[PDB]
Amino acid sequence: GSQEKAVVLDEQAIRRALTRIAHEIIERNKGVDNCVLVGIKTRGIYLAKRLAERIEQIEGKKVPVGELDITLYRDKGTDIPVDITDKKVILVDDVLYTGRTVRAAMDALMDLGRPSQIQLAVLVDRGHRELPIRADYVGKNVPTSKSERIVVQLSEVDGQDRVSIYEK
């Protein structure tokens, strides 16, 4: 839809969620040795870069960031600067809806290499999964109806940081 129904994360809430996710990643992996962030185009890639910056500030370690170009089911090229074999790949996307985009991303990764794990971080989980896929790290669970959509704006691409529900 075209009408903003609710703002569900403002700029500050986005920052607080990403910071908390960074801390989770570090906590669950016990540091970030052998981790690679891989963002899904376009907004996922910017979120991955933000997480890498935050992690570097927290831990003093640089996590490499790769990119996947995938058509988003919700609405097939690769650029990963390190070998992912035996690494822990943390996929990053803005919104988890059906899970079909993540399924395709997993398949791509598993063609490029044999990671030891693939984790998933998303800014929003909006429900309505169609595959048995779940994010390891979630910024905000945002309930939605099927007629609603999530709009993520990020300052790098869109001029402001905002997440909204839009409705017809």
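One-based numbering along the sequence shown.
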Selected stretch [higher average CA B-factor]: 115 to 123 or 39 to 47 | 39 to 47
As the entry reports it, the stretch among 53 to 61 and 138 to 146 with higher mean C-alpha B factor is 53 to 61
In terms of CA temperature factor as recorded, identify the highest of 26, 104, 133, 110.
-> 110
Quick one: classify residue 157 as lowest, middle or highest third of the chain based on its Cα B-factor.
-> highest
